[PDB]
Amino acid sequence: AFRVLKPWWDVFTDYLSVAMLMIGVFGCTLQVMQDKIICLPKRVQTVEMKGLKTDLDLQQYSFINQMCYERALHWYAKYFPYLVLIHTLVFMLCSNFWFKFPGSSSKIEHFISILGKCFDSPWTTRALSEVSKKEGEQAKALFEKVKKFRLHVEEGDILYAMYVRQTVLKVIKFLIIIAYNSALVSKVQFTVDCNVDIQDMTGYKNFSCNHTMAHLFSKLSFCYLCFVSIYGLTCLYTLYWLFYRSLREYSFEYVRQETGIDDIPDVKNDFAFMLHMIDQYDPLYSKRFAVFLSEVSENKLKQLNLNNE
């Protein structure tokens, strides 16, 4: 169960990344076959109009097309889809930066297993009814498991640091992408002027060329820019939610407002951050898992077990 730890921003950025992949693949397959330039020499040799004869073979025309595609067309207009592909692959690889390192993955699996196991445990409902046998032994075992989890996760804060590094990397990459794409989006134009020196072959020096797939590339660039801007707004909201509230401290006072138990300790660092994650999924798991943390609940369960036995 890994999708539970993914909030709305994480899946939103993932689907944005799939959209970016589609845009990059479409741009690449357009650039492989449809991308061509059409060049005509300048100053060439009831009104009856007559066409101008350039006295050029088809091979000379192809040669001019190539010289102007290489030495006149802007590199952005030729390598935009590959840049999109590379940048979105880097985005996809860094999308699960906080999911793939084995220690953090083990912490994720341990926390979700614990939270699901106490979710399935009826002792939570029994304790919530009390405040407002075999399963008792299972609840005691789950409680000592919760204490072991406290001794295993709460003292560290590596998960929060990895998440903040991933978010900062996404934001800085988005800034770079917006900057260079907005700077070079004006270079993708239909009519270009090509001044290569192939006069010794074709006889002309100045050419006017048309990038046939320039309107489509401009629309694709603007769509990719829109997707990048949405991705960056999502990452900026992620950073704002990261920073404006201290996620190294999880407070159970909102549970205390309606639950009488007050011996509940406040967890910190990794526990606090990933409980905030589960709150972002749904606060019910957090306000329900509150009852498994305090020690007077364990003492009450021990007394109940002693009375029952």
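Think of the rigid core as the biggest set of C-alphas that the two forms share within 1.5 Å after superposition. Note that residue numbering begins at 1 and tracks the sequence as displayed.
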- Item | Greater Cα displacement in 5 other deposited structures of this protein once the core is superposed, comparing 93-101 with 235-243 | 93-101
- Message: So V228 is built in this one, but is it left out in a third or more of the other compared PDB entries that include its neighbours?
- Response: no
- If we scan the other compared entries, does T125 go without coordinates in at least a third? yes
- Task: Answer with none, 1 to 3, 4 to 9, or 10 or more: how many deposited residues between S132 and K133 are not present in the coordinates.
- Result: 10 or more
- How many missing residues of the deposited sequence lie between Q34 and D35 in the entry, grouped as none, 1 to 3, 4 to 9, or 10 or more? none
